[PDB]
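Taking the form deposited without this ligand, here's one chain by itself in structure tokens.
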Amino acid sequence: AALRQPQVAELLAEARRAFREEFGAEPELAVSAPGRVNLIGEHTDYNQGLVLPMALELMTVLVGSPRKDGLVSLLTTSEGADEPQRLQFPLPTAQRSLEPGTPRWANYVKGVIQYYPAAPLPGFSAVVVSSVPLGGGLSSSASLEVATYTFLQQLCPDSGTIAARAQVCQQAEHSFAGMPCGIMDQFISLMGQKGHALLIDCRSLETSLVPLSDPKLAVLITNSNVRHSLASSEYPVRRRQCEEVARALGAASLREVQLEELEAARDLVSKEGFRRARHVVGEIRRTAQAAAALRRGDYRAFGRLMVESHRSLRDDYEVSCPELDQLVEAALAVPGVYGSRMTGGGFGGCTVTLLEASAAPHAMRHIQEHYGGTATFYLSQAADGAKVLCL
């Protein structure tokens, strides 16, 4: 049995109740921003690569009102979130910028306020609710950053592009959460359309909408319900390793390298740098091919490319873990499954599986029964991006 995904009207109702209770009046404003699953194109976004994510119906909802006093007052019901559930801080000023602190969850909101490009931004009271499982690799943090950005636009309209908004949320993640992410998770939370995955070119920031609206195809998300500590620590190590191979080959990024130059340059780089760069160069090519394949309705070829994405992440990039590998092999053993692999950063989180709609009940019975741990499952249709909810 797959996990009932609370609809937007439900998260919003919980967010109003906690707000009405907390601040003594109805919130004036509200927004939603989703999480995301990457179908293929892992560890390519900070390498100016290609990724193929879709937005989920798992989302973050902000409700709030402007204040007159220049303070920010937050409450989150998110029961994963670190204590306290409440936090207040002053707006940043010419005299004093905000700094990351405790609790961790509020760093995502502080960062987006700090880099919000439009002025004058008023103080606000807000409640944050989320159905995105925290640390589960479905971009909880990007959903919060983008929900915050969308809210701030209701207080104080911005004048730039949708990429610029993604880059603000990215800057918040870099400076306030110490996590040097690529643009994928912010971009998909912002640009997602119902019935479509997004081919994102992280060099040009061109995006292509790729239909998934075929009723006999299902995308299954399996949460391992594990997050090894490597998760936080090893991400910035892989990024600097890639940047060092590009610099050693005289390339602005690995986007500009192909496997043949890399083969030929292999004595300019560590054995390990070589293997990371070979994952990225291949995964860029796989994502381009997967996108054409999906557009063609060729799921088996999409499925092959997903499994080769997994192997490359497990062996060359080394960002899988026993739990993800076990979930992937288990899913591949099931008839009707085109392919399976880890999605997001790795070291835990979720696999994504493409399978026959009709094969999905058997798939969950098998994977759960064939998992050492306790899996969770989401049956996911491609959702819209961030939007305003008119209260």
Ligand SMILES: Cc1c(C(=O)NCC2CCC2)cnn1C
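From 1 onward, residues are counted along the sequence shown.
Although it is not shown, the form deposited with this ligand bound is what the next lines describe.
The single contact residue among 337, 61, 328, 58, judged by any heavy atom lying within 4.5 Å of this ligand in the deposited bound form, is 61. In short, of 320-328, 26-34, 361-369, 64-72 it is 26-34 that has heavy atoms within 4.5 Å of this ligand in the deposited bound form.
Mapping the unseen interface onto this chain, residue 375 falls outside it, with no heavy atom inside 4.5 Å of this ligand in the deposited bound form.
Proximity of residue 2 to this ligand in the deposited bound form falls outside the 4.5 Å heavy atom cutoff.
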